[PDB]
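J.: Protein sequence lines correspond, in order, to chains U and Y.
Just so you know, our numbering puts 130 at position 119 of the first sequence, and the rest follows in order with no gaps.
Just so you know, our numbering puts 358 at position 150 of the second sequence, and the rest follows in order with no gaps.
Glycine included, every Cβ here is placed at the ideal spot set by N, Cα and C.
Sharing a structure below in structure tokens format, with a few things to ask.
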Amino acid sequence: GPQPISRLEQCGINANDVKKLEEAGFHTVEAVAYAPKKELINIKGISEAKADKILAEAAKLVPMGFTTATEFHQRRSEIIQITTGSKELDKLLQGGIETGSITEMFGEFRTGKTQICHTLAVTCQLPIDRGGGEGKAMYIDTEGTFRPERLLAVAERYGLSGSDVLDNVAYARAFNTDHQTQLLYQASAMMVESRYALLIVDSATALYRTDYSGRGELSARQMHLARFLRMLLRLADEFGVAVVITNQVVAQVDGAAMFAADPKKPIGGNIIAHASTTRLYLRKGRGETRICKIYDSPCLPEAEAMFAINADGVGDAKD
Amino acid sequence: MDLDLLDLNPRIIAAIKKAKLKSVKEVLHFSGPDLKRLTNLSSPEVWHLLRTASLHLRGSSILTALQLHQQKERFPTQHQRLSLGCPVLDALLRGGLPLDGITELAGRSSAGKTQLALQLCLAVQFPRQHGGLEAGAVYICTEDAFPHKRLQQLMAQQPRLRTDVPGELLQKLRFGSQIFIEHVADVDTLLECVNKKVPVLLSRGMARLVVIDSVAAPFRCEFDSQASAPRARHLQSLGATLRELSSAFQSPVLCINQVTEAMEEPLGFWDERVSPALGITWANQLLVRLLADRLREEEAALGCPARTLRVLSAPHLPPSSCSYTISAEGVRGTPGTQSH
DNA sequence: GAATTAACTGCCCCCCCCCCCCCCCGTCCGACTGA
Ligand SMILES: Nc1ncnc2c1ncn2[C@@H]1O[C@H](COP(=O)(O)OP(=O)(O)OP(=O)(O)O)[C@@H](O)[C@H]1O
Ligand SMILES: Nc1ncnc2c1ncn2[C@@H]1O[C@H](COP(=O)(O)OP(=O)(O)OP(=O)(O)O)[C@@H](O)[C@H]1O
Ligand SMILES: [Ca+2]
Ligand SMILES: [Mg+2]
Ligand SMILES: [Mg+2]
């Protein structure tokens with residue numbers, strides 16, 4: 012069972028200090044073993060030497076190796092938020108796009124799902140002071156829709172070297188689901204040699220619509236997608252990178268919908284919804300302006316923002 | 209080692225020693241014919257041995273239902289409840305989660321399961337008068353990273369949510385240091401975690417609440433439609449272990465589940481578009497089954513999302529429902545919304 | 001002419017309510033406007 016606080020004196024502490032810890036709300040070795048150091052030493056008359064001594068006593072007395080919420084937050088508080096190139100989007104996402112998580116953007120047709128990917132592929136190489144991530148970029152393509160001349164425009168907008176940007180972006184093309192999944196082992200091998208800050212898959216579910224067709228092939232398609240997303244999550248957790256993927260849409264041809272403004276939902280079922288962390292929904296706006304809406308997020312409220320696609324990349328709507 | 213204190217004859221205990229029987233659990237593991245062939249002795253002495261072993265293991269107190277009803281302090285599991293933090297949700301649940309068995313929470317994505325899990329994790333550290341258990345909690349993430357930012361925001365906003373509790377002891381409560389986080393990636397990893405790490409935390413008394421972020425996530429990435437038997441075996445083992453731990457340490461177990469569509473071409477879901485996953489084998493292991501649902505813009509074209517928390521089945525709760533909203537403070541139920 | 005074998009089809013019943021617009025293909029002229 013639990014060891015009472017009346018055991019500390021046999022380990023080398025006097026009654027005064029163990030009592031001082033006792034009336035501070037703590038009543039067992041287990042509670043004080045994981046207690047934060049600053050909260051232990053903020054009490055007046057408590058020296059750091061005896062604090063470290065009693066912490067060592069607890070560590071050799073209490074089974075350690077258990078993560079704690081305060082330690083979890085104070086150990087991984089140096090996350091990086093890459094800027095999207097638009098002030099409105101950065102404000103809406105509260106600083107940009109986080110690392111160590113999967114962010115997906117879904118929408119129809121001429122919405123800006125590829126321009127955003129290009130802009131992120133450029134801006135991820137900026138210094139952390141300027142809002143970047145200070146790393147390379149990986150672009151996995153499934154539709155043959157990669158244009159370096161779009162990256163050149165952003166590199167010129169931000170005053171970066173044109174040739175250097177095109178040297179930091181690794182590129183690969185996928186022709187089926189097996190090749191797309193197999194490329195992840197090569198990605199894992201490559202991420203050890205250098206430091207990467209972004210990984211782009213566009214589009215994640217483009218090939219699954221045609222590789223598996225009909226109700227008969229639904230289960231295998233869903234399991235393959237789940238395994239692919241599990242591999243992506245493992246990569247993101249291990250290397251601390253930002254994974255951005257794009258999705259597609261499908262119509263709702265039944266009478267349940269009534270607002271009649273072309274109802275549409277993302278494809279992939281529940282696996283892609285549960286695997287991804289933050290989901291964005293882009294729709295067409297007047298002229299070249301577009302509207303971005305937060306579809307799902309564990310720590311954000313649903314809202315809306317407006318951006319535009321310009322000659323220099325994704326930016327803010329002109330006046 | 210323990211049957212020595214039992215009254216007996218030397219012959220039967222000599223036979224037991226020769227047959228390598230250790231404790232009463234070992235002798236109760238075997239049946240009549242097995243014990244008869246192992247001890248090679250007559251049936252009536254086997255019956256006497258079984259009777260004596262059973263009387264040794266249990267059978268001392270004649271516990272009626274008056275002792276369950278009147279003696280509130282003797283049996284906390286039948287009266288004490290874990291409050292959910294909101295009076296409306298507690299009224300819907302008639303007090304909160306039971307202290308024994310497994311409670312399921314199921315629903316589609318972006319419904320608000322993680323927010324409820326975090327609120328329950330924070331609400332367990334209150335004193336017994338305020339609906340808590342004066343202990344910590346264990347969080348097991350099976351799908352993705354833990355949301356530390358939302359937890360910190362909830363901890364900061366905690367004084368605003370708990371309006372009824374006066375705030376002098378709120379600053380004493382160290383919310384961050386009494387929550388433990390674990391990560392798993394496989395079904396076998398989760399089984400090893402629940403077999404080894406969880407009992408260590410519960411026995412020593414750090415925590416009295418277990419939360420699984422997504423029980424269905426590991427099982428949906430390994431077993432196809434043609435491998436139902438191994439999945440059923442694993443689910444039965446996990447449910448048995450969880451129920452045993454919850455009963456032994458009087459700690460509620462909250463499981464978060466996903467859903468699958470009907471795909472209309474039973475189990476009580478006739479006109480429901482979605483049903484809890486993992487089949488009927490997992491559904492047999494639970495005690496109270498909940499369901500959180502969100503009506504999309506088609507029904508949510510009024511300006512704000514519509515969220516309803518529904519009770520599917522429970523041994524002591526009628527099928528009911530309510531409404532709730534998610535804000536910067538936490539999950540709060542809408543007053544005057546419970547359905548009969 | 002007939003015993004015998006072979007090939008194509010079939011397995012079924014619930015939704016009766018009704019705010020909802022959204023990103024232009026207007027057809028074009030009056031006047032502004034800066035150059
Ligand atoms: N240099 C540019 N200047 C202005 N607008 C541009 C420029 N280049 C492309 N665009 C616009 O950006 C959009 C490109 O759409 P995009 O390729 O991002 O779509 P998508 O969501 O990837 O579509 P798909 O589903 O076909 O993959 C178009 O509407 C196009 O008019
Ligand atoms: N201030 C806020 N902070 C965080 N979330 C908020 C806020 N206001 C509203 N929300 C809503 O909270 C929801 C959080 O969803 P949540 O993470 O609980 O979904 P889930 O699918 O149950 O989770 P998980 O997949 O992790 O189990 C979002 O859909 C968002 O709209
Ligand atoms: Ca999610
Ligand atoms: Mg594209
Ligand atoms: Mg949630």
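For a contact meaning CB atoms closer than 8 Å, what does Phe334/Y contact in chain U?
T.: Locating residue 334/Y in the second sequence gives position 126, counting from the first residue. Within 8 Å Cβ-Cβ: nothing; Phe334/Y doesn't reach chain U, min ~14 Å.
J.: Relative to the C-alpha of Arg290/U, which residue among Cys22/U, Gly36/U, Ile256/U is closest?
T.: What you label residue 290/U is simply residue 279 of the first sequence in a count that begins at 1. Among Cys22/U, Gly36/U, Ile256/U, the Cα nearest to that of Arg290/U belongs to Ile256/U.
J.: Taking the alpha carbon of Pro335/Y as the point to measure from, which residue in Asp421/Y, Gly304/Y, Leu377/Y has its own alpha carbon closest?
T.: As a position in the second sequence, residue 335/Y is number 127, starting the count at 1. That would be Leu377/Y, whose Cα lies nearest to the Cα of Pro335/Y.
J.: Pair every Cβ in the stretch 146-154 of chain U with every Cβ in the stretch 206-215 of chain U, then say whether three or more of these pairs are closer than 8 Å.
T.: Flag = yes, the stretch 146-154 of chain U and the stretch 206-215 of chain U touch.
J.: Taking all protein chains shown into account, do 16 or more other C-beta atoms lie within 10 angstroms of the C-beta of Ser547/Y, making it buried, or fewer, making it exposed?
T.: Working through the second sequence from its first residue, we reach residue 547/Y at position 339. It counts as exposed.
J.: Check for me: the alpha helix (DSSP H) holding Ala44/U runs from which residue to which?
T.: Here residue 44/U refers to the residue found at position 33 when the first sequence is read from its first residue. Where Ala44/U is concerned, the enclosing alpha helix (DSSP H) stretches over 40-44.
J.: Is it buried or exposed for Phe77/U, if we count other Cβ within 10 angstroms and need 16 for buried?
T.: Taking the first sequence and counting its residues from 1, the one referred to as residue 77/U is at position 66. Burial call: buried.
J.: At 4 residues or longer, and completely inside the stretch 127-208 of chain U: list those alpha helix (DSSP H) runs for me, N to C.
T.: Counting whole runs of 4 or more residues, the stretch 127-208 of chain U contains the alpha helix (DSSP H) stretches 159-168, 173-178, 188-204.
J.: Would you please verify whether the beta carbon of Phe77/U is less than 9 Å from any beta carbon of chain Y?
T.: Numbered from 1 along the first sequence, position 66 holds the residue referred to as residue 77/U. By this cut-off, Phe77/U is an interface position.
J.: Could you check what DSSP says for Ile221/Y in three-state terms: helix, strand or coil?
T.: Residue numbering aside, residue 221/Y sits at position 13 when the second sequence is read from its first letter. In the structure shown, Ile221/Y sits in a helix (DSSP, three-state: H, G or I).
J.: What are the boundary residues of the beta strand (DSSP E) that includes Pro277/U?
T.: The sequence position of residue 277/U within the first sequence is 266, counting from 1. Segment 275-277, the beta strand (DSSP E) holding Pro277/U.
J.: So, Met414/Y versus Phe388/Y, is the Cβ gap smaller than 9 Å?
T.: Stepping through the second sequence from its first residue, residue 414/Y is reached at position 206. Stepping through the second sequence from its first residue, residue 388/Y is reached at position 180. Contact flag set, yes.
J.: Is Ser455/Y helix, strand or coil when you go by DSSP?
T.: The residue given as residue 455/Y occupies position 247 in the second sequence. Note: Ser455/Y maps to helix in three-state DSSP.
J.: Confirm the yes/no value for this check: CB of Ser214/U, any heavy atom of ligand 4, distance under 8 Å.
T.: The count along the first sequence starts at 1 and reaches residue 214/U at position 203. For ligand 4, at least one heavy atom lies less than 8 Å from the Cβ of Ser214/U.
J.: Between which residues of its own chain and residue 11/U is the CB-CB distance below 6 Å, once the five residues before and five after are set aside?
T.: What is shown of chain U runs 12 to 330, which leaves residue 11/U out entirely.
J.: Taking a Cβ distance cut-off of 9 Å, strictly less, list which residues of the stretch 525-537 of chain Y are near chain U, in chain order.
T.: Residues passing the 9 Å Cβ filter: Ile534, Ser535, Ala536.
J.: Name all residues in chain order for which at least one heavy atom of ligand 5 lies closer than 5 Å to the residue's CB.
T.: That query returns the following residues: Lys321/Y, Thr322/Y.
J.: Can you tell me whether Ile54/U is buried or exposed, with buried defined as 16 or more other CB within 10 angstroms of its CB?
T.: Counting from 1 along the first sequence, the entry for residue 54/U is found at position 43. Label assigned to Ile54/U: exposed.
J.: Can you tell me the Cα-Cα spacing of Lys304/U and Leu104/U, whole angstroms?
T.: The residue you call residue 304/U lines up with position 293 of the first sequence. The residue you call residue 104/U lines up with position 93 of the first sequence. Rounded to whole angstroms, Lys304/U to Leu104/U spans 10 Å at the Cα level.
J.: Is any heavy atom of ligand 4 found at a distance shorter than 8 Å from the C-beta of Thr130/U?
T.: As a first step, residue 130/U is located in the first sequence; it is residue number 119 there, counting from the start. Result no, Cβ not under 8 Å from ligand 4.
J.: I need the straight-line Cα distance from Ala314/Y to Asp479/Y, nearest angstrom please.
T.: Your numbering for residue 314/Y matches position 106 in the second sequence. Your numbering for residue 479/Y matches position 271 in the second sequence. Their backbone Cα atoms lie some 17 Å apart in a straight line.
J.: Output the distance between the C-alpha atoms of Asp501/Y and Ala164/U, rounded to the nearest integer angstrom.
T.: The sequence position of residue 501/Y within the second sequence is 293, counting from 1. The sequence position of residue 164/U within the first sequence is 153, counting from 1. Cα-Cα distance, rounded: 45 Å.
J.: Within 8 Å: the Cβ of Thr542/Y and any heavy atom of ligand 4?
T.: For this step, residue 542/Y is matched to residue 334 along the second sequence. Incorrect: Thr542/Y has no Cβ contact closer than 8 Å to ligand 4.
J.: The stretch 219-230 of chain U: which residues have C-beta closer than 7 Å to a C-beta of chain Y, in chain order?
T.: So the list reads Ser230, given in the order they occur along the chain.
J.: Tell me which residues share the same chain as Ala247/U and place their Cβ nearer than 6 Å to its Cβ, disregarding the 5 neighbours each side in the sequence.
T.: Reading the first sequence from its first residue, position 236 is the one you call residue 247/U. Result list for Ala247/U: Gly111, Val254, in chain order.
J.: Contact between the stretch 183-192 of chain U and the stretch 217-232 of chain U: three or more CB pairs below 8 Å?
T.: The stretch 183-192 of chain U vs the stretch 217-232 of chain U: in contact.
J.: Is DSSP giving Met242/U helix, strand or coil here?
T.: Locating residue 242/U in the first sequence gives position 231, counting from the first residue. Helix.
J.: Go to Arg302/Y, then tell me how far its beta strand (DSSP E) extends in each direction, as first and last residue.
T.: Along the second sequence, read from residue 1 onward, the residue named residue 302/Y stands at position 94. Careful: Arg302/Y lies outside any beta strand (DSSP E) and carries neither H nor E.
J.: Check the Cβ-Cβ distances between residue 8/U and every residue of chain Y, and say whether any is below 9 Å.
T.: Examination of residue 8/U is not possible in this model, given that chain U is present from 12 through 330 alone.
J.: Need the endpoints of the beta strand (DSSP E) that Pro484/Y sits in, please.
T.: For the purposes of this step, residue 484/Y is taken as the residue at position 276 of the second sequence. Start and end: 482-484.
J.: Within the 9 Å Cβ cut-off, does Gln466/Y reach chain U?
T.: Taking the second sequence and counting its residues from 1, one reaches residue 466/Y at position 258. By this cut-off, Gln466/Y is an interface position.
J.: Since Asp307/U sits in a beta bridge, which residues does DSSP pair it with?
T.: Taking the first residue of the first sequence as 1, we reach residue 307/U at position 296. DSSP, once it has assigned bridges, lists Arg290/U as partnering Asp307/U.
J.: Using a Cβ-Cβ cut-off of 9 Å, state whether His356/Y counts as contacting chain U.
T.: By 1-based counting over the second sequence, the position of residue 356/Y is 148. Interface residue, yes.
J.: Would you check whether ligand 4 has a heavy atom nearer than 8 Å to the C-beta of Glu154/U?
T.: Taking the first residue of the first sequence as 1, we reach residue 154/U at position 143. At least one heavy atom of ligand 4 is nearer than 8 Å to the Cβ of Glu154/U, so yes.
J.: Consider the Cβ of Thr516/Y: report whether some Cβ of chain U lies at a distance smaller than 9 Å.
T.: By one-based count along the second sequence, residue 516/Y stands at place 308. Cβ-Cβ to chain U under 9 Å: no for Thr516/Y.
J.: Check each candidate in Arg282/Y, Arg515/Y, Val539/Y and name the one with the smallest Cα separation from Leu274/Y.
T.: Position 66 of the second sequence, counted from the start, is the residue given in the question as residue 274/Y. Among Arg282/Y, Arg515/Y, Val539/Y, the Cα nearest to that of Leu274/Y is on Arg282/Y.
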